[PDB]
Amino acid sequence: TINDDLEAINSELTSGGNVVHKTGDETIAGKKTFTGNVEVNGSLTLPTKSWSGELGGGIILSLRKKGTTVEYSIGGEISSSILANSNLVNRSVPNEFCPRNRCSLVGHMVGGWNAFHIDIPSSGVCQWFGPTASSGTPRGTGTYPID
């Protein structure tokens, strides 16, 4: 009957089926391109992964990728002589956190005016571009892009 057809269609308009609704928890497949403005009042969750390791010389790099941006924080303490303009060779940054282009991450040494930077190239073999140093507490928080 026409009533039976309408009833089933009405159901789809309310919830379920293959239509996205203005209410309800829903899972949505397909590439969705929004051409206007999108606002999210709740949380926005993207794929995330974290890693932390000692790059070299006592310097620790802690990373968290959210989509295609990596959050970094530099930690640790210089506990052996790190030579000027040298490769940090204890651990490389894993491939999933390596950028397409070399990024230069600026940091600061606790208690004075001294700054350094560490490069992360696409290989993940990071490089120290301060001078030769054998002590101190390096710090710095920021982001770099993966893409």
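Take the two forms, superpose them, and find the largest set of C-alpha atoms that agree within 1.5 Å; that set is the rigid core. The first residue of the sequence shown is number 1, and the count goes up from there.
Each structure in 5 other deposited structures of this protein is fitted to the shown form on the rigid core, and of 103-111 and 33-41 the C-alphas lie farther away on average for 33-41. The deposited model assigns a higher average Cα B-factor to 90-98 than to the other stretch when 90-98 and 113-121 are compared.
Look at the mean CA B-factor for 127-135 and for 10-18 in the entry; the higher one is 10-18.
Per the PDB record, 47 has a higher Cα B-factor than any other of 53, 107, 47, 58.
Residue-level temperature factors show residue 85 in the middle third of its chain, judged at the C-alpha atom. Per-chain ranking of the deposited C-alpha B factor places residue 63 in the lowest third.
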